[PDB]
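experimental structure below, sequence on top.
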Amino acid sequence: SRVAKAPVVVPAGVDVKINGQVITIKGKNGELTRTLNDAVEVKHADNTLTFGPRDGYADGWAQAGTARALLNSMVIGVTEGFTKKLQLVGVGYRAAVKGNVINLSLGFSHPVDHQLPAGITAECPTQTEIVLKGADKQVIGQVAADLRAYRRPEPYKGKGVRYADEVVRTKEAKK
Amino acid sequence: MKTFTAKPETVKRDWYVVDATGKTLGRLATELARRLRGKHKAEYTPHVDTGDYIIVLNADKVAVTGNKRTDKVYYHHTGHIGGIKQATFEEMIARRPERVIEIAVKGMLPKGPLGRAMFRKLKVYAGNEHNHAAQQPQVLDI
Amino acid sequence: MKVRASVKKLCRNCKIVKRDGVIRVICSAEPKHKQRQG
Amino acid sequence: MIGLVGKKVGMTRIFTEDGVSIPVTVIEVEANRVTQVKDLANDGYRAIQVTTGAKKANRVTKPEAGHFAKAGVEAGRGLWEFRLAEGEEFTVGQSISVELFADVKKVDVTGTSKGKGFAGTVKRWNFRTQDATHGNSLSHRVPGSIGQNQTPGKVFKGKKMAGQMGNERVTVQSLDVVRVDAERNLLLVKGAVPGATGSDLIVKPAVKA
RNA sequence: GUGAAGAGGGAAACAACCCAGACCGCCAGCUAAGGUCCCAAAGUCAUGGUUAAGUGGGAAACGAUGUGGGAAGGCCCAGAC
RNA sequence: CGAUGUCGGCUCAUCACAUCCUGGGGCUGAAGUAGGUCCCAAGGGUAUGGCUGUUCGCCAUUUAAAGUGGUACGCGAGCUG
RNA sequence: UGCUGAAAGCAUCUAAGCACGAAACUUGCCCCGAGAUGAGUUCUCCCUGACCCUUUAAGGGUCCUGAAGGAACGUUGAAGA
Ligand SMILES: [Mg+2]
Ligand SMILES: [Mg+2]
Ligand SMILES: [Mg+2]
Ligand SMILES: [Mg+2]
Ligand SMILES: [Mg+2]
Ligand SMILES: [Mg+2]
Ligand SMILES: [Mg+2]
Ligand SMILES: [Mg+2]
Ligand SMILES: [Mg+2]
Ligand SMILES: [Mg+2]
Ligand SMILES: [Mg+2]
Ligand SMILES: [Mg+2]
Ligand SMILES: [Mg+2]
Ligand SMILES: [Mg+2]
Ligand SMILES: [Mg+2]
Ligand SMILES: [Mg+2]
Ligand SMILES: [Mg+2]
Ligand SMILES: [Mg+2]
Ligand SMILES: [Mg+2]
Ligand SMILES: [Mg+2]
Ligand SMILES: [Mg+2]
Ligand SMILES: [Mg+2]
Ligand SMILES: [Mg+2]
Ligand SMILES: [Mg+2]
Ligand SMILES: [Mg+2]
Ligand SMILES: [Mg+2]
Ligand SMILES: [Mg+2]
Ligand SMILES: [Mg+2]
Ligand SMILES: [Mg+2]
Ligand SMILES: [Mg+2]
Ligand SMILES: [Mg+2]
Ligand SMILES: [Mg+2]
Ligand SMILES: [Mg+2]
Ligand SMILES: [Mg+2]
Ligand SMILES: [Mg+2]
Ligand SMILES: [Mg+2]
Ligand SMILES: [Zn+2]
């Protein structure tokens, strides 16, 4: 609807290929590909992508608005990239990177190693901070969710892996 | 006079190939059970098998509507006391996909010795190929 | 997770959402308010 | 990995230096020689067919003796078959020695157990005997009740009752191999394998590791 | 009113419900209730809607931005939400 | 009612899940340990004695736990009496 | 429990798409198992005679032939009523 009516402007240096329902968006940061729902009609009006309900479908504007914000995110991913920052709160908690294997040390009896996916690159500025970058927004949010999932932050001290921007509602242990 | 009956020695039967890609399960199966019974022939006789041999291929690509791909359940019982078993539709396609067409048609044929003889003419295949080129089967469109 | 027959908004931050055929109350503020109709 | 066909020689013990007595089962393993190599193009699966021992020449039948003559090998006392893993192959007339188990550590020994004959439910299914006194009328080792009243006019399938015990294929898993003596064709596994003395055994490397 | 003392058809099976009262014969026709995808006789009928729950094909107080239709209202290109 | 043997024990059981243990979770007035509570889950496991005809119950001492029910208050052409 | 994400400029685990998640489920382990009448597969072995017949057909008979193998018998078994 209101999201889908607003067209997505392709910048310069961003190659867009429409192919049925398959759309490959290239750029200086990589290529991204997504098969759309069959309820979505996509067409390139020479500087913008537009998004209309294909006929004979119930959720016309609902599927189109999903198809808008994805290809909006595919454009921003191939010209800027996404960057999700994580920090580690807790004594002795740290992280190290070996190419694409983040080596977490989260107070377990066993080492924690996380294999990174394909288009995702990570970096630790500090031992208690993880910064990971990449193109696809769904994937960097997934990797950030996986690294958060090892130590979901305790409400009594905020201890554990958190997002660098989120708020952690704490709790006092009463007596 | 008396009403004609078909005779099992003089009856002739034919061969058909049906492609089951994308077709609805029950709407395919009722046309197979119509043609295995022999109710498309004017010389139909209830106590005589007058139907046609039918080869069904691409049995793993049959389609069902709704949520029945994950919610239609095929129960059976092994005879032993805990022996209730259970498989969903998409597990049956992965495990042994020929049974799905076979179970649907077997429920639509008559029950008895003749209905089991009608089921022997249904020859289903998961793949896109068959060893029955020697019988010269025609392409049946359903 | 409260599981009830009657699920209701308990504060201003409750949001009634239907996830997979189940009416669910989720609250960003209070974890006591999260509900599930069952 | 394939296994080998041996024979239960008997049991003995290996005194270690440390003062530990290991109860071992001597399994002589003669040279298993392959008789047929099975593959995907002809047979649908990958396996080999081996033979061991000797057999009286007047007793091996013409269908059976022709099967050894195609492989070109002496007739053995039986024919067994071992499924092949991938990347593992054998020729037809190849002989396989007990040095195959030189570097395994646990094996599974499959044999036919001893025949207990028609056994009652005290012996077979470990039922409790009833009371040997206090009034018991002719019912000291009987199975007792076997069902319920009218709800299931019937005894269920697989009800534990009397019948044949033993004389059947059983497999003891994860037996520690003690010694592999290639010179006199032996194989010492820790513990007791199924079968009587002199019966055929199938020794395979342990699948549960 | 039916059964008892009443068969036939339908309701899976089902004295008492629904349709209908068996003098006999027929390898004739029309209908009733109930039905017409297959088991199983007859519409894969037509036109216009509704449902996405296998609801249909078992149940309440109560709960819910499920969804379809209608009538009204207060905010609103003086810029709302 | 021209016979459907009955309380408890014994010996075989078998099913349900409204779960006692073990498994997975949510919330906690959840620091940890240990809990409370609810959700999912029936795969396996699930005492021995004292007293009493007892089921039950109390008591002693165990155990990860000593589940609740259906089964003609399961089971006498199997036993006990 | 999530990720991305609209319908509903926000929000949202879901409607499209994706990820994780239990002794349950299907496998993995063991055993039976082609009467699986849908009766499967592989390998090897054995038989390469003459004639009559009328109702001429998956026909009946004669003489010659008797294989591979099996069965019976005997000695028996850590197999067995
Ligand atoms: Mg779910
Ligand atoms: Mg409840
Ligand atoms: Mg014996
Ligand atoms: Mg006793
Ligand atoms: Mg007596
Ligand atoms: Mg006695
Ligand atoms: Mg009785
Ligand atoms: Mg019965
Ligand atoms: Mg009377
Ligand atoms: Mg009547
Ligand atoms: Mg009637
Ligand atoms: Mg009824
Ligand atoms: Mg009837
Ligand atoms: Mg008419
Ligand atoms: Mg009518
Ligand atoms: Mg019938
Ligand atoms: Mg019909
Ligand atoms: Mg129509
Ligand atoms: Mg405003
Ligand atoms: Mg009486
Ligand atoms: Mg009587
Ligand atoms: Mg439950
Ligand atoms: Mg808890
Ligand atoms: Mg069970
Ligand atoms: Mg149990
Ligand atoms: Mg079960
Ligand atoms: Mg299991
Ligand atoms: Mg007691
Ligand atoms: Mg009762
Ligand atoms: Mg009783
Ligand atoms: Mg009980
Ligand atoms: Mg009794
Ligand atoms: Mg007395
Ligand atoms: Mg959004
Ligand atoms: Mg979100
Ligand atoms: Mg998974
Ligand atoms: Zn709230």
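Received, thanks. Numbering: from 1, shown residues only, chains lettered A, B, ... in the order given. Ligands and ions are numbered 1, 2, ... in the order given.

what's the nearest residue to residue 10 if we skip its chain neighbours?
All of this is about chain A. residue A:16 (5.3 Å; Cβ to Cβ, 6 or more residues apart in numbering or on different chains). In this view, the C-beta of every residue, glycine as well, is placed from N, C-alpha and C.

ah, no, chain D please
With Cβ to Cβ, 6+ apart as the criterion, residue D:10 has its nearest non-adjacent residue at 5.3 Å, and that residue is residue D:197.

which residues are in contact with the one you found?
Shown in contact with residue D:197 (Cβ atoms under 8 Å, 6 or more residues apart in numbering or on different chains): D:8-10.

what distance do you get for it to chain B?
Residue D:197 is 37 Å from chain B, where distance means Cβ to the nearest Cβ, to the nearest Å.

with residue A:4 instead?
Going from residue A:4 to chain B by Cβ to the nearest Cβ gives 27 Å.

now do the phi/psi pair for that residue.
Dihedral angles of residue A:4 (phi, psi; degrees, to the nearest 10) stand at phi -70, psi -30.

tell me how many other residues crowd it.
Residue A:4: 22 surrounding residues under other Cβ atoms under 10 Å in any protein chain shown.

show me the contacts for the residue lying closest to it once chain neighbours are set aside.
With sequence-adjacent residues excluded and distances taken as Cβ to Cβ, 6+ apart, residue A:4 is closest to residue A:64, at 3.7 Å. Going by Cβ under 8 Å, 6+ apart, residue A:64 touches A:1, A:4, A:39-41, A:51-53.

let's see which of the contacts of residue D:197 end up in strands.
Mapping the contacts of residue D:197 onto strands (DSSP state E) picks out D:8-10.

quick one, helices of chain C?
In chain C, no helices are defined using DSSP state H.

where along it do the strands fall?
C:2-4, C:14-19, C:22-27, C:35-37.

what packs against the second one?
Which is strand C:14-19. strand C:22-27 (3 or more Cβ pairs under 8 Å, 6 or more residues apart in numbering or on different chains; DSSP states H and E).

what lies in contact with the longest strand seen in chain A?
Using DSSP E to define each element, chain A has its longest strand at strand A:82-89. Residues from elsewhere that reach strand A:82-89, judged by Cβ under 8 Å, 6+ apart: A:76, A:94-95, A:106, A:127-137, A:140-141, A:143-144, A:147-148, A:151, A:153, A:157-165.

within its sheet, name the partner strands of that strand and how each one runs.
Counting by DSSP bridges, the strands paired with strand A:82-89 are strand A:129-134 (antiparallel), strand A:160-163 (antiparallel).

how about the residue nearest to residue A:10, what does it touch?
By Cβ under 8 Å, 6+ apart, the contact list for residue A:16 reads A:10, A:23-26, A:44, A:49.

can you map out the helices along the chain?
As the question left the chain open, I've gone with chain A. Counting by DSSP H, chain A has helices at residues A:2-5, A:60-79, A:137-150.

look at chain D instead
With helices called from DSSP H, chain D shows them at D:62-71, D:121-124.

filter the ones in strands among the contacts of residue D:197 down to just the buried residues.
Burial by neighbour count, judged by 16 or more other Cβ atoms under 10 Å in any protein chain shown, picks out D:8-9 from the ones in strands among the contacts of residue D:197.
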